[PDB]
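For reference, the structure is listed below as structure tokens.
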Amino acid sequence: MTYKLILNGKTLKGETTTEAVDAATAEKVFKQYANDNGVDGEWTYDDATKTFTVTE
């Protein structure tokens, strides 16, 4: 499945997507993505749209 990540950080804002077997795996990939880009916020995941959002 293809997942999307909406990043609302203080410095970085945008949208990307990832391909993953399930949401638990996309969540790991995205968190690492966020982490590597200096983002540290609150997360939500909406299965109805397959979207993750991180917000600082």
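Each chain of the structure tokens is named A, B, ... in the order shown, its residues numbered from 1; ligands are numbered from 1 in display order.
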- prompt: Can you list, as a ChimeraX atom specification, every protein, DNA or RNA residue that comes within 7 Å of region 21-29 of chain A when you count only C-alpha atoms, leaving out same-chain residues fewer than 4 positions away?
  reply: /A:1,3,33
Generate the output file for the selected residues, N, CA and C atoms, as an mmCIF file, in the first residue's frame.
data_model
loop_
_atom_site.group_PDB
_atom_site.id
_atom_site.type_symbol
_atom_site.label_atom_id
_atom_site.label_comp_id
_atom_site.auth_asym_id
_atom_site.auth_seq_id
_atom_site.Cartn_x
_atom_site.Cartn_y
_atom_site.Cartn_z
ATOM 1 N N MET A 1 0.859 -1.221 0.000
ATOM 2 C CA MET A 1 0.000 0.000 0.000
ATOM 3 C C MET A 1 0.875 1.244 0.000
ATOM 4 N N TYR A 3 1.376 5.034 1.319
ATOM 5 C CA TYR A 3 1.037 5.920 2.401
ATOM 6 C C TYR A 3 1.618 7.298 2.188
ATOM 7 N N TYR A 33 12.274 8.963 8.750
ATOM 8 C CA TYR A 33 12.365 10.065 7.796
ATOM 9 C C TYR A 33 12.309 11.421 8.557
#
task: Based on DSSP run over this structure's backbone, return all residues of chain A in strand (DSSP E or B), as a VMD selection string.
output: chain A and resid 2 to 8 13 to 19 42 to 46 51 to 55
query: Could you pull the residues within 9 Å of region 35-39 of chain A, counting only C-alpha atoms, minus those fewer than 6 positions along the same chain, as a count of residues only?
result: 9
task: Could you please write out, as a PyMOL selection string, every residue of chain A that DSSP assigns to helix (DSSP H, G or I)?
output: chain A and resi 23-36
field: Straight-line distance linking CA of residue 47 (chain A) with CA of residue 31 (chain A), stated in Å to one decimal
entry: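 Interatomic distance here is 16.6 Å.
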- prompt: Can you tell me how far CA of residue 34 (chain A) sits from CA of residue 2 (chain A), in Å to one decimal?
  reply: 17.4 Å
